[PDB]
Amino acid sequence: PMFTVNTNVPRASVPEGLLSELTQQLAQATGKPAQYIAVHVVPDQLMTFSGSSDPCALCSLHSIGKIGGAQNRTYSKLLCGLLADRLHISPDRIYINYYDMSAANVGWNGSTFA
C-alpha cells in the first residue's frame, strides 16, 4: 500500500515521525506487512478547500486489495482522525481517494505483483 498526503500545513508543523506512525497504523489497519507500505507527505502546498487557504489535505491510498466500501469507511475514520489531530486540519477539509490496484498494474523490484 502507498499513502500520500498533500497539505498546505507547513513542514515545521509536520511531526517528525509522522511517516513512521502512518506506516505502523496503515500496517495495522490494512493487515498488509509494513515491508510493503510506502508513505509520502508533501507539506507547504498551495491548495484550497472551499476557496480558502485554511489547513486542508488531499490524500490517496493505493492498495492491491484491502480496499472497498466498508473498509474505506474505517480507513477514513482512522486517517481523517489521525491527520486532523496530528496536522490540526478540520476533517471536513480532508479528502482521501482510495484506489484498488490490480496486481498486474503495480511494478516493484523490476517486475509486477501479478
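From 1 onward, residues are counted along the sequence shown.
Higher mean CA B-factor, judged across 37-45 and 24-32 from the recorded values: 24-32. The mean Cα B-factor in the deposited entry runs higher for 75-83 than for the other of 55-63 and 75-83. The entry lists C-alpha B-factors for 102, 13, 90, 97, and the highest of these is at 13.
Split the chain's modelled residues into thirds by C-alpha temperature factor. Residue 3 is in the lowest one.
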